[PDB]
Structure formats: C-alpha cells, structure tokens
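Following: one structure in structure tokens, then a few remarks.
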Amino acid sequence: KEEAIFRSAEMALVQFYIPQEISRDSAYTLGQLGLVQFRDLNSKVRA
Amino acid sequence: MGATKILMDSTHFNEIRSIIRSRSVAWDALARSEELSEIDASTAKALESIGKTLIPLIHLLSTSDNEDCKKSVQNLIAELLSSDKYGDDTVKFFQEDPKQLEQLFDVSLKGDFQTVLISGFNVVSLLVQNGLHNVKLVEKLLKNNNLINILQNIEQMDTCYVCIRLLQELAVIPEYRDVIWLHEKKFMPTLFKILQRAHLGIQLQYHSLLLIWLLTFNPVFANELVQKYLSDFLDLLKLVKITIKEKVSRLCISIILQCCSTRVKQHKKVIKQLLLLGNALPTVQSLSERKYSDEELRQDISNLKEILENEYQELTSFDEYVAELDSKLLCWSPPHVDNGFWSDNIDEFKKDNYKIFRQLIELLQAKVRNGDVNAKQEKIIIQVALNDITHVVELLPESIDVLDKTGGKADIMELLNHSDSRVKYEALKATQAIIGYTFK
Amino acid sequence: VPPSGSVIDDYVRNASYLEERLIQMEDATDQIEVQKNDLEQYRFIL
Amino acid sequence: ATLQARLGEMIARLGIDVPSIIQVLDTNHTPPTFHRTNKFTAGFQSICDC
Amino acid sequence: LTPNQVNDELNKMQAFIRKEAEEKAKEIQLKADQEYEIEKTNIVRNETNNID
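Protein chains in written order, with our numbering: chain D, 2 to 48; chain A, 549 to 988; chain B, 239 to 284; chain P, 34 to 83; chain R, 221 to 272.
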C-alpha cells in the first residue's frame with residue numbers, strides 16, 4: 002500500500018509539534034526512520 | 549472550596565471512583581433490611597445524583613458497617629467534595645463544623661485496600677483545606693497501618709501513586725510538616741526507593757520528589773535527611789543527570805541546592821564537601837553545559853555550580869592537605885590536585901628537609917608493608933598518595949634523593965606491578981616522572 | 239535502537255580523560271626515548 | 034500514519050507523558066520529488082535524474 | 221480522522237502546557253512561600269537583635 006516509480010511520490014508537509022524536553026530523542030528516532038527531511042528554517046541569520 | 553487536590557487523578561485514583569459510582573445502588577431495600585436509616589436511604593437517593601446532608605452521611609458510615617454501603621458512601625462523599633458544582637459547600641461542611649472531622653478520619657481510616665485510598669482522598673481534601681489543619685488527625689493518619697502499607701507497596705505503582713501524591717498534597721501544609729517528618733522514617737525510604745528505580749511512573753517520580761523537596765524546606769529536617777540517608781541524597785544528582793523530563797531535573801537540583809544551602813549549620817559546608825567527594829563536581833559541570841529550557845532550573849544549576857566552585861577552596865587549603873596527611877588515608881579530593889592547581893604548596897612540602905615527602909613515603913610504605921593492595925579504601929589511598937608524590941617530585945627534582953634514601957625509589961618500582969589497574973597506572977606515571985626527572 | 243542520552247556527556251568526558259592520559263603517556267614515552275638514546279651512547283663509552 | 038505510529042511508540046518507550054501530535058500544512062511551497070526505487074532500478078533512476 | 225486528530229492535538233497541548241504550567245506555578249508559589257518565611261526570619265532576626 003505504497004507508491005512506486007510511476008511518477009514523483011505523493012509529497013507532504015506535516016507540522017512537528019515536538020515537546021521541548023523529549024526533543025533529542027524525537028529527533029534521533031525521526032532521523033533513524035530515514036524518511037524525513039527538514040525544511041530550511043531561521044537561516045536568515047549568520048551561522 | 550479551599551482546594552481541589554486532584555493530582556491529575558491518574559489511573560486508579562479516578563478509575564476506582566468511576567467504577568464505584570458505576571456500581572451505585574439506591575439501597576432502598578437496605579433500609580427495609582434495617583442496615584440503613586431512613587435518613588441514610590435519603591442520603592443514598594440524593595447521592596445517586598452524579599450542608600445538613602453531611603451529618604447523616606457520616607452517621608450512616610459509622611453506624612452502618614456493611615462496608616459496601618461504606619464504600620458507596622465514601623465514593624459519594626469524595627465525588628461531592630470534588631464536584632465544583634457544590635464543592636464550596638462540601639468543603640464548608642468541615643469549614644463550618646470541623647468537630648466531625650475527627651469522626652470522619654475515624655471513618656476514613658477503614659475499608660479495604662481499594663476503598664482506603666477512596667476515603668483518604670476525602671480525608672486529605674478536608675484536611676488540606678485552609679479552614680482546618682488538625683495536626684493530630686494528620687498524625688493519626690500517618691499512624692494508620694493500611695495506608696502506610698499501601699504507600700510501601702511500590703510494586704503496584706498505580707496504587708502507590710494514590711498514596712504518595714496524597715501524602716505530598718497533605719505535606720503542603722507547613723504545620724503538618726513536623727509530624728510528617730517524625731513518621732517519615734517509614735515513608736521516605738520508599739520514596740527514595742521509587743526515585744532509585746528511575747504517565748504514572750513519571751508522575752510518581754515528580755510527585756515523590758515534590759514531597760521530599762517540600763519537607764526539605766526546613767533545614768533542621770534537612771540535616772537529618774542528608775545524614776541518615778546520605779546515599780539517596782548523593783544519588784539525587786545522578787537521578788537529575790538521567791531524568792528526561794525537565795520538571796524532575798528542576799526538582800532534583802532544587803532539592804540538592806536546598807540541602808547544601810547556607811542553612812543547616814550542622815553540615816552547611818560539610819554536606820557540600822561530602823557531595824563534592826561523591827563525584828558531584830564533574831556532574832555539576834556537565835549540567836552547566838546543558839541547555840535545560842527553564843529559567844528557574846538554569847539559575848538553580850548555575851547557583852549549584854557556583855557553590856561547588858566555592859567549596860573547591862578545599863583544594864587551595866594547604867591546611868586541608870596537611871589534615872589529610874594527618875589522616876591515615878587520603879581521598880581523591882581536589883586536594884589531590886592542590887599542587888597542580890597551586891604549586892605554592894610545593895615549598896611547604898620541601899620544607900623541614902622533605903617533611904611532607906617523608907610523610908607521604910611513610911604512608912606509602914605503611915600501605916605496601918601491610919599489602920592489601922586489592923582493598924578498595926587501601927587502593928584509593930595508595931593511588932592518591934602516588935599521584936601526590938608524582939606531582940611533588942616532578943615539582944622539585946631534589947626530592948629524588950630524599951625518596952631514594954627512604955627506599956621509595958625502589959618501592960614505587962615494585963608497586964609498578966600492583967594488582968589494581970588504576971594503582972599500576974598511577975605507579976607507572978610516578979616512576980616515569982621520577983626516572984625522567986632523575987635522568988637529567 | 240539504544241539511544242545514548244547522558245551517555246553523550248559520558249563519552250565527552252571519557253574522550254577528554256583519554257586525551258589527558260595518553261598525552262601524558264606519549265610525553266613520557268618520547269621523553270624516556272630521548273633518555274635511553276642519550277645513555278645508550280654513554281653506556282657504550284669507556 | 035507509520036511515522037506517527039513510530040513516534041507514539043517511541044514516546045511510550047521514552048515515558049514522555051505529554052502526547053505528540055502532527056498536522057499537515059497548506060503546502061504552498063513546492064515539495065521535493067521522490068521515487069521509491071528498489072535496487073532493481075535505482076541505477077536507471079539516478080542516471081535519468083542526473 | 222480530523223476530529224480524532226483535533227482531539228488528540230488538543231489533549232497533547234493541554235497536557236504539555238496547562239498541566240505543566242499549573243504544576244510549575246504551584247511549585248514556584250510553594251518555594252516562594254518558603255523563601256518569604258526564610259527572609260522574614262532574617263528581618264525578624266535583625267529586628268530582634270535591635271530590640272535586644
């Protein structure tokens with residue numbers, strides 16, 4: 002029940018309501034899924 | 549009402565209230581069975597709905613002892629007290645005539661394990677209201693075997709929370725604190741055990757730490773807490789280190805800071821040093837390196853770090869090093885880094901014709917000649933002495949002659965084959981320093 | 239997965255301790271190498 | 034759905050009492066393109082998209 | 221699933237914000253009462269020394 006190479010897959014922009022305390026675990030696991038990017042945010046200021 | 553004391557009603561503390569309400573019976577035949585009075589039947593009928601009525605309720609709870617009508621009455625009374633629709637009048641029912649509060653406590657301390665907490669909810673609610681403190685009733689409740697055993701049943705956490713949160717809510721009253729601590733010798737260890745193991749689990753950890761923190765607000769009890777159960781007090785730092793929720797870490801840091809405050813003159817600095825000797829300083833530094841999202845918690849961490857840094861003056865006290873020398877066993881304290889942090893003590897060590905060097909050599913020779921290199925205390929003392937000797941000798945190569953005359957030049961070489969890895973490594977470092985300095 | 243947690247700070251402290259220890263060890267090793275090289279010619283004398 | 038399930042499973046494993054939620058925005062901005070290619074055709078897809 | 225998602229989001233926001241803030245505020249108030257009592261003793265101690 003998943004997409005294929007017929008065309009570009011159905012994209013989605015979902016909103017992460019990450020709790021502040023559990024943020025490190027949430028980010029670690031979410032990166033472990035190997036499934037999500039992160040939209041470039043607050044990049045208007047120097048590094 | 550003075551307060552709600554819901555404590556989130558997690559798991560059983562509300563599930564049992566709902567289930568008991570579910571099994572509600574009008575008990576119309578009970579009055580026909582003569583177990584309940586006509587006023588009692590009226591109380592049951594009115595309570596069937598989801599001032600003067602508080603008298604027949606207690607009268608039935610006392611006179612009628614089927615314990616099932618008692619469970620129903622306890623559930624109804626607790627629901628009425630909690631219900632904000634008439635909770636003001638429900639609280640006034642003891643805020644108007646607090647005389648029957650003792651009779652209610654005589655009724656609350658009853659029932660089975662499930663119903664004991666149900667009654668205790670109302671008991672605490674009436675007790676915690678600002679209209680009546682009743683320290684004697686609090687002491688009597690603290691003396692109840694059933695509730696104490698329930699609070700000691702940490703195996704059933706879902707029920708043990710209904711006890712720990714109840715006690716912590718009852719501990720908010722400053723007056724009840726004195727009696728709370730007096731019987732706390734049979735309550736705190738379970739709370740310490742609960743914190744030792746680490747929504748019910750987290751809430752238990754947070755509520756339990758709150759009771760310890762609230763009780764610790766009095767320095768007189770704080771000294772006893774630090775002394776009698778120093779193991780848990782030291783482990784609180786590790787618990788804060790491993791805690792995931794910010795609230796638990798904030799509570800642990802606040803408890804540690806309050807314990808190590810300028811108050812409690814019995815150990816106002818003694819306990820602070822004791823923690824710093826319990827591997828506290830690197831943990832405090834690591835916590836300082838963290839970015840906890842709480843201004844109060846961050847300020848508390850900064851204050852604790854400053855206190856630890858101020859207590860680190862124990863290293864700079866050459867008198868402290870001399871005292872440790874007087875002690876037969878030295879500890880791996882910041883004094884063991886006094887020379888590196890303050891080379892000034894090297895002159896004192898050199899003085900009196902290598903007086904301190906001879907003392908350290910004597911300590912090492914006494915440890916070796918008695919063996920016991922596997923003994924943990926002996927191993928720690930030997931390692932500290934070897935590290936200090938390595939620091940001193942490298943700071944003044946002329947002491948090599950004194951060490952050789954003492955036989956320590958070959959003694960440390962023999963100790964290079966010590967059983968302990970730490971001891972062997974420290975001996976190797978010391979010998980390399982001595983051999984490297986003497987090679988010039 | 240076994241996420242690290244405070245073991246991250248543990249790793250940081252462990253790495254710092256390892257550098258201080260092995261930097262001391264390497265200084266000791268090359269200093270004593272200089273020492274034995276100096277004496278080896280000295281021992282061969284006379 | 035599967036990422037939400039995994040996040041909830043982790044939250045239960047992590048003991049974080051506060052639930053985790055996620056909502057889909059109005060994707061005004063152009064999202065990237067994806068192809069769930071297997072090893073059978075990953076080479077072809079990559080060479081094509083070069 | 222939208223009403224279910226809305227209810228779940230509302231519950232998550234409630235648990236993360238309202239309960240946590242209420243608990244933190246209650247703790248702050250209790251610690252503030254303790255600190256006020258402690259500072260009162262310092263003022264009480266100084267004024268008692270002056271009275272003596």
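Backbone N, C-alpha and C define an ideal beta-carbon position, used for all residues, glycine too.
Query, Result
"Thinking C-alpha only, which one of A:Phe641, A:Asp645, A:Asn901 is nearest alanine 626 of chain A?", "A:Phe641"
"For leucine 680 of chain A, which residues of its own chain have a beta-carbon under 8 Å away from its beta-carbon, when the five flanking residues on both sides are left out?", "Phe642, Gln643, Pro646, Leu649, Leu674"
"Please identify, using Cβ separations under 7 Å, the residues of the stretch 707 to 726 of chain A that lie next to chain R, in order along the chain.", "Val720"
"Out of A:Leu845, A:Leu578, A:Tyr634, which one is the CA nearest neighbour of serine 620 of chain A?", "A:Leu578"
"Got a sec? Which residues, its chain only, sit under 7 Å from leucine 943 of chain A by beta carbon, not counting five neighbours each side?", "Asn887, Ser891, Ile894"
"Give, in chain order, every residue of the stretch 11 to 30 of chain D whose Cβ lies closer than 7 Å to some Cβ of chain A.", "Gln21, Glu22, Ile23"
"Contact check, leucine 665 of chain A vs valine 710 of chain A under 8 Å by CB: the rounded distance?", "4 Å"
"Pick out whichever of P:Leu58, P:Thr60, P:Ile54 has its Cα sitting closest to the Cα of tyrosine 18 of chain D.", "P:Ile54"
"Using a Cβ-Cβ distance cut-off of 7 Å, determine whether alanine 235 of chain R contacts chain P.", "yes"
"So does the stretch 266 to 284 of chain B actually touch the stretch 241 to 250 of chain B, counting three or more Cβ pairs closer than 8 Å?", "no"
"Cβ atoms of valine 950 of chain A and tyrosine 902 of chain A: under 7 Å apart, would you say?", "yes"
"Apply the 10 Å Cβ neighbour rule to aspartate 920 of chain A and answer buried if 16 or more other Cβ atoms are within range, or exposed otherwise.", "exposed"
"So which of A:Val812, A:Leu785, A:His815, A:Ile790 has the shortest CA-CA distance to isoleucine 801 of chain A?", "A:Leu785"
"Going residue by residue through the stretch 37 to 81 of chain P, where are the continuous beta strand (DSSP E) segments of at least 3 residues, counting only ones entirely within it?", "54 to 57"
"In chain order, what residues of the same chain have a beta carbon less than 7 Å from the beta carbon of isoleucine 929 of chain A, not counting five sequence neighbours either side?", "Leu877, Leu878, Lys915"
"What residues are listed by DSSP as bridge partners for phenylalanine 17 of chain D?", "P:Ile55"
"At what residue ranges does the stretch 742 to 770 of chain A contain a whole run of the alpha helix (DSSP H), taking only runs of 4 or more?", "748 to 764"
"Could you list which residues in chain D have their beta carbon closer than 8 Å to that of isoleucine 792 of chain A, in chain order?", "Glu22, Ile23, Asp26"
"Name, please, each residue of chain B whose Cβ falls closer than 7 Å to the Cβ of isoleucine 928 of chain A.", "Neighbours of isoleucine 928 of chain A on chain B: none; closest Cβ ~17 Å, over 7 Å."
"Whole angstroms is fine: what's the gap from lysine 251 of chain R's alpha carbon to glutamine 677 of chain A's?", "19 Å"
"By DSSP, does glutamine 234 of chain R sit in helix, in strand, or in coil?", "helix"
"With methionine 549 of chain A as the anchor, note down where its alpha helix (DSSP H) starts and where it stops.", "No alpha helix (DSSP H) contains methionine 549 of chain A, which DSSP labels as neither H nor E."
"For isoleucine 49 of chain P, which residues in chain D fall below 9 Å Cβ to Cβ?", "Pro20, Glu22, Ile23, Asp26, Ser27"
"Which same chain residues end up closer than 7 Å to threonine 831 of chain A when comparing Cβ atoms and leaving out the 5 residues on each side of it in sequence?", "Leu785, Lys789"
"Indicate the three-state DSSP secondary structure (helix, strand or coil) for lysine 274 of chain B in the structure shown.", "helix"
"Please classify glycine 76 of chain P: is it buried, with 16 or more other beta-carbons within 10 angstroms of its beta-carbon, or exposed?", "exposed"
"Mind checking which residues open and close the alpha helix (DSSP H) that includes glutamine 980 of chain A?", "969 to 986"
"Check whether chain R comes within 7 Å of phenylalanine 765 of chain A, counting only Cβ atoms and requiring the distance to be less than that.", "yes"
"Given a limit of 7 Å on CB to CB distance, which residues of the stretch 849 to 882 of chain A reach chain B?", "none"
"How many angstroms separate the CA atom of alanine 871 of chain A from the CA atom of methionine 961 of chain A?", "28 Å"
"Could you give the residue range of the alpha helix (DSSP H) that holds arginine 565 of chain A?", "560 to 570"
"My guess is that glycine 956 of chain A and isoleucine 909 of chain A are in contact by the Cβ rule of under 8 Å, so how many angstroms apart are they, rounded?", "5 Å"
"Does the Cβ-Cβ distance between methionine 705 of chain A and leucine 748 of chain A come in under 7 Å?", "yes"
"Tell me which residues of the stretch 236 to 250 of chain R have at least one Cβ-Cβ distance to chain P shorter than 8 Å, keeping chain order.", "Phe236, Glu240"
"Using a Cβ distance threshold of 8 Å, determine whether the stretch 853 to 872 of chain A contacts the stretch 815 to 823 of chain A, with at least three qualifying pairs required.", "yes"
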